[PDB]
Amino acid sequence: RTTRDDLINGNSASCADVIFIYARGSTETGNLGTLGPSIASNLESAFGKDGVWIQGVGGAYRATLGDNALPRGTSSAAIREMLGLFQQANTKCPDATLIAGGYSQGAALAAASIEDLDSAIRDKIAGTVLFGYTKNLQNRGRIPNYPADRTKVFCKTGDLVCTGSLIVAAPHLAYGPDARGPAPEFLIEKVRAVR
């Protein structure tokens, strides 16, 4: 399913050990889009359904095409939506590990949100996967204020967004295998190490 609201609809008692917050690509479906579900599926298998909450970035993040041309790669309102969710994960379930992810504009949104995040909450994000990261070049394949060794960027050769463009080419559309395999397994590695 392309819409997951496990955290906003979640009750305390049922808090998961792991909370995954994911932002989709521009003009994608639901709040998970095309890669999000594949990544959730894999995490559910690692931790069990009761062990991980899947939470896409919806709400005010409308994932419009125009918003990629704003300064940070997405709108202010979208960043404040993802900020609030990490904020709700922090508060509703204080003892869980956060993990994060995002595709194309959603990658831009993950980056900005995490750069902005209180250090304390950010400390709790074990691993972050970016696919088709639109600020890959601008930010030197980092997320500002976040350690490289918990960041894993998937930026396929010939994906032009990875090299300062916004042209969408065939490699940009080819993160499918990555989202089923290596991207969740990195997030599973990272959680398990700290937990």
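Residue numbers run from 1 along the displayed sequence.
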Mean CA temperature factor from the deposited coordinates, higher in 179 to 187 or in 20 to 28? 179 to 187
As stated in the PDB record, which stretch has the larger average Cα B-factor, 70 to 78 or 102 to 110? 70 to 78
Choose from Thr134, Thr34, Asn139, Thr157 the residue with the greatest Cα B-factor as stated in the PDB record. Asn139
How does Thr163 rank on Cα B-factor within its chain, lowest, middle or highest third? middle
Using the temperature factors of the C-alpha atoms in this entry, rank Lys152 within its chain: lowest, middle or highest third. lowest
Compared with the other modelled residues in the chain, in which third is the CA B-factor of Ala13? highest
Chain third (lowest, middle, highest) by recorded CA B-factor, residue given as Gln55: lowest
Determine, from the deposited record, the chain-internal third of the Cα B-factor for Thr64: lowest, middle or highest. lowest
